[PDB]
Amino acid sequence: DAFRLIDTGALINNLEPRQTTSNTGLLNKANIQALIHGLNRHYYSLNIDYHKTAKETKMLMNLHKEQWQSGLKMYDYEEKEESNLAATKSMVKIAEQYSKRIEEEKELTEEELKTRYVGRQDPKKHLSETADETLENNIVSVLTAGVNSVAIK
Amino acid sequence: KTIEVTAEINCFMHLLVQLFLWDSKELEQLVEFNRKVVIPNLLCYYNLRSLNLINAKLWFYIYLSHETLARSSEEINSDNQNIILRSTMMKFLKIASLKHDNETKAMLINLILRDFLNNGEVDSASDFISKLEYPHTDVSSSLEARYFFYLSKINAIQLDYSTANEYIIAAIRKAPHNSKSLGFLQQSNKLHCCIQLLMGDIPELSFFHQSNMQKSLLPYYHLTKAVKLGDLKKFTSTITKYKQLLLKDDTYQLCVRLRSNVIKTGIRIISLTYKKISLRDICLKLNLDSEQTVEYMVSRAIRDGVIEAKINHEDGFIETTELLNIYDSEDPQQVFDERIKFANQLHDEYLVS
Amino acid sequence: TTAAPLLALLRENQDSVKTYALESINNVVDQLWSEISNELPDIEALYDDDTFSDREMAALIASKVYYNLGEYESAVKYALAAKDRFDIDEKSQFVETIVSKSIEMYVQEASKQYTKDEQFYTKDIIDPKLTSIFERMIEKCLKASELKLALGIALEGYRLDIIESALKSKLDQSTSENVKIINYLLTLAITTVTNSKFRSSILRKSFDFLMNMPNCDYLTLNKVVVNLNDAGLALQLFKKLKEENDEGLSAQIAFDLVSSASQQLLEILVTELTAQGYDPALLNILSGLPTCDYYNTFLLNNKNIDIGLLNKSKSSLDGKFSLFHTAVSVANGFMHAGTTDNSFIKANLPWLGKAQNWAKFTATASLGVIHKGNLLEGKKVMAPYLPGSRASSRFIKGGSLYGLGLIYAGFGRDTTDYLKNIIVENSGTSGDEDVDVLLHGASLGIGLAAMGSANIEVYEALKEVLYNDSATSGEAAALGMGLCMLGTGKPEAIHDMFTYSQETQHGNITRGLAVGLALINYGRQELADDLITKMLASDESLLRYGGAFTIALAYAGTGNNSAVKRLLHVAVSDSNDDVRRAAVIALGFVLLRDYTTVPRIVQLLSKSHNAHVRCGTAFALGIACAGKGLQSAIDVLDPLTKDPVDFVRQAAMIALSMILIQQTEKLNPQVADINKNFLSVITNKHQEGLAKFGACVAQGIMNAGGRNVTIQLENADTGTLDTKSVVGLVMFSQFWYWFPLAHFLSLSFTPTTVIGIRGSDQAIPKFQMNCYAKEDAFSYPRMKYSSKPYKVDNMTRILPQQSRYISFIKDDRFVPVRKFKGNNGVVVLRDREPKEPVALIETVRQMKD
Amino acid sequence: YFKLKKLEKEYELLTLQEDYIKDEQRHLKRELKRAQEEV
Amino acid sequence: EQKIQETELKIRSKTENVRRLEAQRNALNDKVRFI
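Residue numbers (the deposited numbering), protein chains in the order written: chain V, 154 to 306; chain S, 126 to 478; chain N, 4 to 176, 178 to 787, 860 to 925; chain K, 48 to 86; chain J, 24 to 58.
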């Protein structure tokens, strides 16, 4: 947030509002919606952007990802993920156990194929829970398994 | 002139229903009359909406009756109408541009393959297989099972049950029509069991018991116990009594191939588990047929992939192995690439869905 | 039945036995070839034997095996070497296959050798066995009495001998048949082949057929000169008029050359004419003096402003600061364009008083579009604000200079030197803001007046203003230089304008350079790829913003598969909303020729999670489809009107205005809710600013020019791409970026009129052709050929598309030449009997001429 | 023959469109992943 | 003469591949718009 005074003057100049999403006041809603017209004074209409040089943009792209394991990904998370792989194998089995039990009760209670059920989208939610979760658990056991050994000699 | 020819064919296809199994007219003039109403540019230049309007599905069971004890009656070498038919059949495929042709390409090959099944050589049919293979999208579900039926039968004469395995699986799952589930399915199930005859498994009767009548259950049940127990005497008596059923289905060749499988299957039935098997114990087992053939009998069965053994003539025994191991390094990795290959057939479902 | 007994003699001796054997084998190959395919190694081995003279028999037998194998290339090579079994006269499925197989093969082999040499068809580079096929195929096409099949094969064969030989000998001229057949060769040349050198030969060789004038057509030949812009073809047209003296033909040809050609080619015909001799009647023709008068006089006779919709739009509210007066001032200049109507300024005192500097800068400069077309009294309107007539304020004085360039644009060679001393006088130092505003209007005025003409002084004068790093007048310097640099341009200005962008960092200057670097490259196509690569490699979003327009203008017209792929690649990888919007807008300039694929590309982009993706797809669909058909493009803009985003509604409504011009009255029945939402959004104060201002701009475009003139881009009038129309749309693509650029749209308006004049002296008679068609003249927003007469065919609204249903009767004193040419710009039907009772009524342009 | 040559050009423009749809398909999943990380 | 008619019938097979990619994206990009 910012503030800038206007009072008398500041007119007979270039176009302040036309820049970014100004000329507003549908209902009272803008920003914090405690403002409407006056805001602090006159609706200075802040515009917040950012610009950086070629050196600054090159940094945060490669530097900032999640945390720093970088420069070698092989052995840093290898021992940590492999040690919990025995427990992960047992935890992913429970997720599959509750998968088909939802789809089994889904088609068992519907003999109609109409909507009295306020079920407007029933299947896609539970279908994605059995898909996206399955799609999440298998890819982390494959893509990581390729670099989990890579021993050669 | 496409509409004028199509309008005349609409009245011609109605007559062909009578010419098929219903009203055969004359056994001489009709086969000469049906030829002159086709050749004069009914297939034309392939202009538009040209398919299914030819004879196609209708003439499969027609010309086979005129050739056997009707026009010929073994008085000539081959039907002159069929000789011209083979000229028109192979000309239809020669002029084909391989554009919209899907169902019409696979139906004509069914004649040249079926002819080689009764009277003819099937060695030349292997060259047509390279031309026969196309992704046909217009073949109806009734003819998809027949297209897979002939491809599985040719490989049986070629002594390959592995290639014919994939074709016969999709053959019994298709053709829901009642006529195809009675006469065509029972004939196809006997060919599906014929693949198991060359494999050496020969499973028991579970699904096939109620799927077909007792006509096909009697010979398969007697051949099941004959090949499993390794008895050539009971296997010989089965061929004699059931010979009438073996000739019509072209299954009479089982007197050689399946007879050799009587010994190969009986090897896994009897227990060779112990290492050193004396020559006298082999002669006693498998009745007296295993007494005459001892060293040569085991020698070929090892290379064929049945078992793995070693023969010692010095002390007169044979060291045998039951193929039992424990997964350590390279043992479990053999099926690793196979299970991935098994899923490759299911990887095409992404484009289908 | 079996080929085994026939194939056994193939490996034996005594080739005389093989003579009768191969004759018996060749008949059964169509059947048993599957078995013969295993003997192919034995067949090809005996072919190379010199003592074996039957090789011609094995050539056809081996070819039929590969015929059904799926590879037709092997069967062609074996049949041609024997030079017997290949017969074009024999008609069969097998023989016609190997004859037609060499068609695309001759095209594929010639296209690869076309890059190294274009004369390859005169040498042995192509296989003579394959060359004879292309020669014998044309001989069969000539016997079929069809010139479309023969010329269609020779078009893809990259051979110039067959195209000229087969066409010239067939000329029996009916006189109407072979003038049309030439049109097929010229239409399929530039629109298909992307190479300019290949199509140049087709354009030049087609001119020699009409040289002797066997009742030729000069219209098609004029379009050829515009495409190549060659001085040889331009001077050749005047060479025929030098020996053959006709006042009707020499004047009518010059009327097309001045309208169709651009500003660069127009100046070439004027200078080069004096050396070979000139006609004093044609000196004023190429000067464009009557063209400016036909624009104003047309709108005076038939005039409907419809002020009821304009007065109601501006009477809703006096608020919205100065944006409300600026929004209505944009639509004010459109409706009164060419009308020279001051009723807005004179009759209303208050609305002008509440405006600010730049709001009055818009209203004062709006008179330039209003008075556009007047080459005499247009300056007297700006008289009080002149440099030395002082002004009411120095801010408004800068608006008189921009409006001065709007009227004289392209004719301002005298105004260019008038505005040159103003820029140099203020180029020394500027300490205030207003001194840049006065210099701003001078730079935009000299740029439009000199637009289309290369001037080194304007490029040098604006360089000093740009060097001062001015945020107001410096931006117009970069945009003003690009207008004089239009056309091929110079490589020196490419590196200087590009390096200055990365040296001094300014947004409006870079946008002025980015648009400037896009204007300096026109029709260069692959020649501009050097500058395009530098824009794509830079990470700056300002350079990549204008990089799409560089590809749009250079690749405009004939498109490139690689150039379109580059524009689609920028909108994907880059996350900038303004760049993704500017990338898809550039796709419209390349697709201007074929508008069928325009709605299909933007259809997938019409549904997206980003709001700015739908923004650029609205205008790019409306750029080409404005003056064209395909009302299905309106259905794409329908859901954009319900988008809560205000700028998307502004994007849809403005695009609906240009496409629906003269489309109203039950043709496309979307005008009920479209014309209602114009006054509905303005009346309701609950809407946003961008949605309300878009209804004002779209309302003025439908009424632009008094609902008479239309926006014409790639039509039959010019026949090619309009330079002033494309540049006006590029500037029109910026709304909230700096200040409203919609004033540049005045260059895209053209009058639609049918006037015969005479064959000697200017007349403008009033008559009627009396032809029945659908009535588009009396169809206007309110507050089938029966060969039947019509009320009045003179001027009114008409339409270029519906004109083709209006013929020209010969019962009058005028004799038609092309039988209803149909171009409203050139017009001037030939008059064989001047001074006849045609009821001539002189117009108002005769006073100043 | 003029209409037949025009139909050939129509499918040539769709050739680049088929490969371009796969470009947005893999690019949208990168933006869809960022939307899931925001949730 | 043949390849004029041959190309016409062969380019019709590419129409089915276009509808497969359009229906695949409509079921995807529309879901992202709702998110």
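Every residue, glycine too, gets a C-beta built ideally from N, C-alpha and C.
Mind checking who residue i pairs with in its DSSP beta bridge?
i: S/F333; result: Paired residue(s): none; S/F333 is not in a bridge.
i: N/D907; result: N/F890
i: N/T754; result: N/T714
Using the three-state DSSP reduction, which class does residue i fall into: helix, strand or coil?
i: S/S403; result: strand
i: N/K376; result: coil
i: S/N437; result: strand
i: N/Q766; result: coil
i: N/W362; result: helix
i: N/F771; result: coil
i: S/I451; result: coil
i: N/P218; result: coil
i: N/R921; result: helix
i: N/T433; result: coil
i: N/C296; result: helix
i: S/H472; result: coil
i: S/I388; result: helix
i: S/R425; result: helix
i: N/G236; result: helix
Looking at the unbroken alpha helix (DSSP H) that takes in residue i, where does it start and where does it end?
i: S/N159; result: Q154 to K161
i: N/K689; result: Per DSSP, N/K689 belongs to no alpha helix (DSSP H) and is neither H nor E.
i: N/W355; result: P354 to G357
i: S/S313; result: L310 to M324
i: N/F89; result: Premise fails: N/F89 is in no alpha helix (DSSP H) and is neither H nor E.
i: S/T376; result: Element bounds for S/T376: n/a, residue is neither H nor E.
i: S/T349; result: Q339 to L354
i: residue 930 of chain N; result: Since the first residue of chain N shown is 4 and the last is 925, residue 930 of chain N is not available in this structure.
i: N/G451; result: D438 to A453
i: V/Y251; result: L238 to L261
Can you tell me where the beta strand (DSSP E) holding residue i begins and where it ends?
i: S/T445; result: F442 to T446
i: N/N30; result: First-last for N/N30: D18 to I39, but that is the alpha helix (DSSP H), not the beta strand (DSSP E).
Select from the options the residue whose C-alpha is nearest the C-alpha of residue i.
i: N/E47; options: N/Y23, N/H375, N/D33 and N/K80; result: N/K80
i: S/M324; options: S/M232, S/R174, S/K410 and S/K353; result: S/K353
i: S/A250; options: S/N235, S/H261, S/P260 and S/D263; result: S/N235
i: N/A475; options: N/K494, N/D436, N/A454 and N/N459; result: N/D436
i: N/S114; options: N/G160, N/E99 and N/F89; result: N/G160
i: V/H195; options: V/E232, V/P170 and V/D275; result: V/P170
i: N/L327; options: N/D120, N/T366 and N/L313; result: N/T366
i: N/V893; options: N/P785, N/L174 and N/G760; result: N/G760
i: S/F137; options: S/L152, S/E151, S/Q154 and S/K161; result: S/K161
i: V/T297; options: V/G178, V/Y228, V/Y270 and V/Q250; result: V/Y228
i: N/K324; options: N/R139, N/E692 and N/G155; result: N/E692
i: N/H510; options: N/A522, N/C488 and N/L547; result: N/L547
Exercise. Mind pulling the alpha helix (DSSP H) runs of 4 or more residues that sit fully within the stretch 598-644 of chain N?
Worked result: 602-609, 617-629 and 636-641
For this session: Enumerate, from N- to C-terminal direction, the unbroken alpha helix (DSSP H) stretches of 4 or more residues contained entirely within the stretch 254-301 of chain S.
Result: 266-282 and 288-297
Exercise. Which full runs of the alpha helix (DSSP H) of 4+ residues lie inside the stretch 185-231 of chain S, going along the chain?
Worked result: 188-192 and 205-219
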